[PDB]
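Novice: The data below comprise the sequence and an experimental structure of the protein.
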Amino acid sequence: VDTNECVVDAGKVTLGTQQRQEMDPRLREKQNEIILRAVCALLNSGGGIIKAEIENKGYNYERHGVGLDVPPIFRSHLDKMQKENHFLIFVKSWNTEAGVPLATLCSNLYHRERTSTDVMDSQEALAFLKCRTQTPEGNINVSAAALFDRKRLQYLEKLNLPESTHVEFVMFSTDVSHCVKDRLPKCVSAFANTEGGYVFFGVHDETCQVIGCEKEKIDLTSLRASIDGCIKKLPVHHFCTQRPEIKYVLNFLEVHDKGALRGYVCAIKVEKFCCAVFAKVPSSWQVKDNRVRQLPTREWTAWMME
Ligand code: NA
Ligand SMILES: [Zn+2]
């Protein structure tokens, strides 16, 4: 995202509700993300102008609409204009809007309530950080503990353990390495930032039935390694002196059917964390040295703490 009085060039974009509906999805998402990062940078850099070349001929803003997906909190800071094949976005300074020091596309601080794991919005993130910085408790879920260390389950058995603040069920995807790399950071962030809990990979959430990953698609010792590497890779911010690593425990449960081993469930208990666990670096941006730049976790947190 090039900078060029702060003018940000977002490149070529397709415009219009219908036109963006029908366009290539990966390109649609890429353009929307370029625009949003440019918006976030300018909100955090005193405002500016985004310019973009409209690539679909015959585009007319008043009849066709825009078709970009923008967080509603950001919309009050934006104006938009079409001038022939060019599109302009007027971005006004964030200016401590909503009591949050800076604009953020995604805090990447997850939390869990009942059966739902969700990312914290900026105000939730701020309240969470303020609580964790000011701090200075029994079994988390014994039914889940009993399930966690079992050696074997029956294919398609329905578990009596329900999902809850402390229990999440997640399906494996076909590429289990991508499954863990994409989903586990959110689960670990959420459990560490909430009350701790257990995630069972290979259990279908809507039915609570044991599925497992086919044994031919799993190498146990390397999956255990990759889970450890995923968790060690998670950004954290401490307000404490001891600064412990995230604590977790992993067990592989065998899934049997018709008297043969068929697959595995991956059970992970994540302890409640002293401070903050991020699924990945917060998605917050600024203009710096004539470039759109993501804030490091430490800088984002420091700005958040005022
Ligand atoms: Na156990
Ligand atoms: Zn800590």
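Specialist: Arrived safely, thanks for sending. Numbers count the residues shown, from 1 in each chain. Ligands and ions are numbered 1, 2, ... in the order given.

Novice: Mind exporting the C-alpha coordinates of stretch 247-264 to PDB?
Specialist: C-alpha atoms of stretch 247-264 as PDB (Å, rounded to 0.1, in the frame of the first residue of the first chain):
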ATOM      1  CA  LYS A 247       0.300 -23.600  30.200                       C
ATOM      2  CA  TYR A 248      -1.500 -26.400  28.400                       C
ATOM      3  CA  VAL A 249      -1.800 -30.200  28.400                       C
ATOM      4  CA  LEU A 250      -2.400 -32.400  25.300                       C
ATOM      5  CA  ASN A 251      -3.800 -35.900  24.900                       C
ATOM      6  CA  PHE A 252      -4.600 -37.900  21.800                       C
ATOM      7  CA  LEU A 253      -7.700 -40.100  22.200                       C
ATOM      8  CA  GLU A 254      -8.100 -43.100  19.900                       C
ATOM      9  CA  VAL A 255     -11.300 -43.400  17.900                       C
ATOM     10  CA  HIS A 256     -12.400 -47.000  17.300                       C
ATOM     11  CA  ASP A 257     -15.100 -48.600  15.200                       C
ATOM     12  CA  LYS A 258     -16.000 -52.200  14.700                       C
ATOM     13  CA  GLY A 259     -13.100 -53.300  16.800                       C
ATOM     14  CA  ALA A 260     -10.400 -51.400  15.000                       C
ATOM     15  CA  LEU A 261      -8.600 -48.100  15.600                       C
ATOM     16  CA  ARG A 262      -9.800 -45.600  13.000                       C
ATOM     17  CA  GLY A 263      -8.700 -42.100  14.000                       C
ATOM     18  CA  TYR A 264      -7.800 -39.700  16.700                       C
END
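
Novice: Give the buried residues for that stretch.
Specialist: Within stretch 247-264, the residues scored as buried using 16 or more other Cβ atoms under 10 Å are 248, 251, 252, 253, 255, 256, 262, 263, 264. Every C-beta, even on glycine, is put in place using the N, C-alpha and C of the backbone.

Novice: can I get those residues in JSON lines with secondary structure and distance to ligand 1?
Specialist: Below are the buried residues of stretch 247-264 laid out as JSON lines (DSSP: H, G, I helix; E, B strand; the rest coil; distance: Cβ to the ion, whole Å):
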{"residue": "248", "secondary structure": "strand", "distance to ligand 1": "13"}
{"residue": "251", "secondary structure": "strand", "distance to ligand 1": "7"}
{"residue": "252", "secondary structure": "strand", "distance to ligand 1": "13"}
{"residue": "253", "secondary structure": "strand", "distance to ligand 1": "11"}
{"residue": "255", "secondary structure": "strand", "distance to ligand 1": "18"}
{"residue": "256", "secondary structure": "strand", "distance to ligand 1": "19"}
{"residue": "262", "secondary structure": "strand", "distance to ligand 1": "22"}
{"residue": "263", "secondary structure": "strand", "distance to ligand 1": "20"}
{"residue": "264", "secondary structure": "strand", "distance to ligand 1": "16"}
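
Novice: Which residue does this structure have closest to ligand 1?
Specialist: When distances are taken as Cβ to the ion, the chain reaches nearest to ligand 1 at residue 149, 3.1 Å away.

Novice: pretty sure that residue contacts residue 265?
Specialist: No: between residue 149 and residue 265 there is no contact under Cβ atoms under 8 Å: 12.0 Å.

Novice: which one of the two has more residues nearby?
Specialist: Shown here are residue 149 and residue 265; by other Cβ atoms under 10 Å, residue 265 has more neighbours (24 against 11).

Novice: Contact partners for that one?
Specialist: 153, 200, 201, 202, 203, 210, 211, 212, 213, 252, 253, 255 (Cβ atoms under 8 Å, 6 or more residues apart in numbering).

Novice: can you rerun that using 10 Å?
Specialist: 147-148, 150, 152-153, 169, 172, 200-203, 210-213, 251-255 (Cβ atoms under 10 Å, 6 or more residues apart in numbering).

Novice: Need the three-state assignment for the residue nearest the centre of the chain.
Specialist: The chain has residue 108 as the residue nearest its centroid, 4.8 Å off, counting by Cα atoms, centre = their mean. Of the three states, residue 108 takes coil under DSSP: H, G, I helix; E, B strand; the rest coil.
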